[PDB]
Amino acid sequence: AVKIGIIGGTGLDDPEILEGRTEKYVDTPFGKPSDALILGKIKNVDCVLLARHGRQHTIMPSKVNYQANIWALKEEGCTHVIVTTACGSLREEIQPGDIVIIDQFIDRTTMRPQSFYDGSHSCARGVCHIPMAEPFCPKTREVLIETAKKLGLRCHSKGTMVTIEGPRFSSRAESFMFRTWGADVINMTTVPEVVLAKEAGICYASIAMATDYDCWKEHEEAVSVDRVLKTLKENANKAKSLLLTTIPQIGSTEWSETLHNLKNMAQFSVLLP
């Protein structure tokens, strides 16, 4: 059995995706998740939805409790986490509305706990050094890429996400520098969400949707809250269809080996006294 946690991002966190919905507030050792978990199904597949920023978008990226969110989904029995994330495009060919199935990140966050193993929690004892060479589940990403193609969606098969602390958007000097580093898209939430998922032995994949060109390009609409909201109003249906079509595919394929390998990588990264 698979069970899929879905973490909804900005404008991309609609509960109406699940049938047979039940709201469940939970607690974890790291505190409360962003909001109630929503338990439901897509076709025959058990899913668990969680709004990254709360259902009213009340929590800014720096204050999102990534530890509690991931812990809650794990405790619920999730084998996979597929998230949505809005993002700025750092590449001419990645147009607003395009989906990017990201495969790498560059961390520019500064204020966030990136591990469960902080020496303060009984549930996560020891020192943990998780490998990050392959941060995203390649098997899940494959299915997302193939599905987006079946849907006729404009979609990119890879991309490096730079995650900034926020909540401010980047300056132009920063935007230009991220391009020189080889970042393709920019957001405020991928790190440490992807890190904690890996420590939890969970298959994690991200659906990034471009909403703007940040501030590097010429003759584009400037990034702003209104601009991001506008692009998502117009294009959010794409991410919904992709999830709805991808999820039944995940449920019909075999994961025992992939998950065994993840659980091992996670277990062997922890040193006990």
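Just count from 1 along the sequence shown to find any residue number. Rigid core (definition): largest C-alpha set, two forms, superposition within 1.5 Å.
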- Message: Root mean square C-alpha distance from this form after a core fit in 8 other deposited structures of this protein: higher for 227 to 235 or for 37 to 45?
- Response: 227 to 235
- Task: Indicate yes or no: is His219 absent from the model in at least a third of the other PDB entries of this protein that were compared?
- Result: yes
- Note on the structure: Avg C-alpha B-factor, entry values, 160 to 168 vs 143 to 151, higher side is 143 to 151
- Would you mind comparing 118 to 126 and 195 to 203 for me and telling me which has the higher average C-alpha temperature factor in the entry? 118 to 126
- For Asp35, return the chain-relative third of its C-alpha B-factor as stated in the PDB record: lowest, middle or highest. middle
- Temperature factor at the Cα of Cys47, chain-ranked in thirds, falls in the middle
- Sorting the chain's CA B-factors, does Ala239 end up in the lowest, middle or highest third? middle
- Message: Taking only the Cα B-factors deposited for this chain, tell me whether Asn65 sits in the lowest, middle or highest third.
- Response: lowest
- Third assignment of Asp98 from its chain's C-alpha B-factors: lowest
